[PDB]
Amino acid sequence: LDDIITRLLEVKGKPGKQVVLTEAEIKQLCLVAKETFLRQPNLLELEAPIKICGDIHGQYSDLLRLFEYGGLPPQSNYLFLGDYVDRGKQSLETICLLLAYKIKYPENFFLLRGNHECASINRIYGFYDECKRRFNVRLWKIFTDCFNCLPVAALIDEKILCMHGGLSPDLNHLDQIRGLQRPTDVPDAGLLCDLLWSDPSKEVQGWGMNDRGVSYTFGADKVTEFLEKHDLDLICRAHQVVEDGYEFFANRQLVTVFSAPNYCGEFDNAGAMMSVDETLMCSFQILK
């Protein structure tokens, strides 16, 4: 309903620290975005050029900085790697805008599921409370139903594999991501869990138990083997705050992109976005 959707974008395109939308509007974004996610596959097959952002964590004003740098949709294509909500002050503005652009430019704008797009997590780490306090808890369940449909990985020109978290001991072929059943919660263990939860480790070779308490660490050995086996050049993931906004692993066979600058007003990290051009030359735009 293209008139409603542009007024919504227009209004969100403004700074503040108060609501500007109705519950029914937010409900609409969640319904329509959900249907859009379910039309498109769970493993996205995207083409460059495209701009790739990592965690935002409700840092709405920084999200606007990122669209400044990259160009508002559809001046560029975007893939976000999840973690839109939690920790920041403005999760609602953050997710509502992102969902609006998904609905608006569905062939040009993409969002993956982060481990925080999960009820048992965002219950605890702020989103549920932001929902209750600015609207109500019913709007939280509406987001949950929407998040449960978020796609889980994306493959760029068949050479860059993107997911929020990392590799899985159960990720033997990429079509297994395509086959993940969508309206789902994140199970405690297994492929979907690991795609949203796993981390690269410089210290631990192979598979290690993840200190977070779910899923795994993978060493540079696992990355090397995985890229060779699946004829991929790069893994692009997020999930971890990194000082310089991006950070290479395993001879640059993987990169972590985290887009929330100065996370929680505490980390003093830079945020990054990775631009992939048509030749798959990758470059990084930094926010301090």
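Residues carry their position along the shown sequence, with the first being 1.
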Out of 68-76 and 151-159, which stretch has the higher average CA B-factor listed in the record?
-> 68-76
As the entry reports it, the stretch among 267-275 and 11-19 with higher mean C-alpha B factor is 11-19
Tell me, please, which of 201, 91, 172, 136 has the highest C-alpha B factor according to the deposited entry?
-> 136
Among 142, 167, 177, 214, which residue carries the highest C-alpha B-factor recorded in the PDB entry?
-> 142
Residue 43: C-alpha B-factor third of its chain, per the entry, is the middle
For residue 102, the third of its chain into which the C-alpha B factor falls | middle
Select lowest, middle or highest to describe the third in which the CA B-factor of residue 256 falls within its chain in this entry.
-> lowest
Ordered by C-alpha B-factor within the chain, which third holds residue 27? Give me lowest, middle or highest, please.
-> highest
Would the CA B-factor of residue 191 place it in the lowest, middle or highest third of its chain?
-> lowest
